[PDB]
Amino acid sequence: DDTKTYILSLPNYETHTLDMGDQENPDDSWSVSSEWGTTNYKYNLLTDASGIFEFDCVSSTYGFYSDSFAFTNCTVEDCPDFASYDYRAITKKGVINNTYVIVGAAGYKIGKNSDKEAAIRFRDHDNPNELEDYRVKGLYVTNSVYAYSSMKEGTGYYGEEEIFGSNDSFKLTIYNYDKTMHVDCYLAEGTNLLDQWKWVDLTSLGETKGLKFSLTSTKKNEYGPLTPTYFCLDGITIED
């Protein structure tokens, strides 16, 4: 047999970083103005150390964007990076080492014209300049401190009615690239909030060149979920 298996391999960072790609020289940037303000955005296509995995990373005036991916090993309780919103893993490290991926999946689009969806994509081992369909074995997910804490203690913007009771749940849906297949997973069921790394089998997605993500909470108001739609992932394992 010569089926090859490829596992996400994140960079090892000098000290404690939130990596949203180069901010001085981003791949792209733009501004949006509305009646409520003008906001500046920067976009970088992040890649892992192996060159197999790529991730869409939007950042803005206000930090990590709502539909974006970034890498971190920030364990230091005080990066000012997480002063406002603690996107770090509740597990405090990755599955196999200290770096993991933070993910925003609020459901807004990215790109100057809001027409692109934030995604992870897979490249050919022999040519990083071509996407390739793989069988996705799965990946590990866990909660962010930000979301865990909202569901446990109402520490977010809306306060006390964020707190999960036994009717509640927080569901991650993982899609294939064109979204014709998905797998559902729970980050929280009732008052049981995931605080470990959890493997999600994604083999039922079939061959695909990438992954997209959605979040649903039972705590919501008219405009969206009260639960922050940030989580973490690691260990994406694909096979050709």
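Start at 1 and count along the sequence shown; that's the residue number.
Peer 1: Regarding 84-92 and 138-146, which shows the higher C-alpha temperature factor on average in the entry?
Peer 2: Comparing averages over the C-alpha atoms only gives 84-92.
Peer 1: So which stretch wins on mean C-alpha B-factor, 117-125 or 165-173?
Peer 2: For C-alpha atoms only, the mean B-factor is higher in 165-173.
Peer 1: I'd like to know which of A105, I102, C79, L131 has the highest C-alpha temperature factor in the PDB entry.
Peer 2: Of the options given, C79 has the highest CA B-factor in the PDB entry.
Peer 1: Among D28, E189, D56, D201, single out the one with the highest C-alpha B factor in the record, please.
Peer 2: When the deposited C-alpha B-factors of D28, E189, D56, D201 are compared, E189 is largest.
Peer 1: Using the B-factor values recorded in the entry, state whether the Cα atom of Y62 falls in the lowest, middle or highest third among the modelled residues of its chain.
Peer 2: Highest third.
Peer 1: Once the chain's modelled residues are ordered by C-alpha B factor and cut into thirds, is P228 in the lowest, middle or highest one?
Peer 2: Its C-alpha B-factor belongs to the middle third of this chain's values.
Peer 1: How does the C-alpha B factor of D2 compare with the rest of the chain: lowest, middle or highest third?
Peer 2: Top third by C-alpha B-factor.
Peer 1: Which third of the chain does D22 land in by C-alpha B-factor: lowest, middle or highest?
Peer 2: For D22, the deposited C-alpha B-factor lands in the lowest third.
Peer 1: In terms of the chain's CA B-factor thirds, is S33 lowest, middle or highest?
Peer 2: According to the entry, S33 has a C-alpha B-factor in the chain's highest third.
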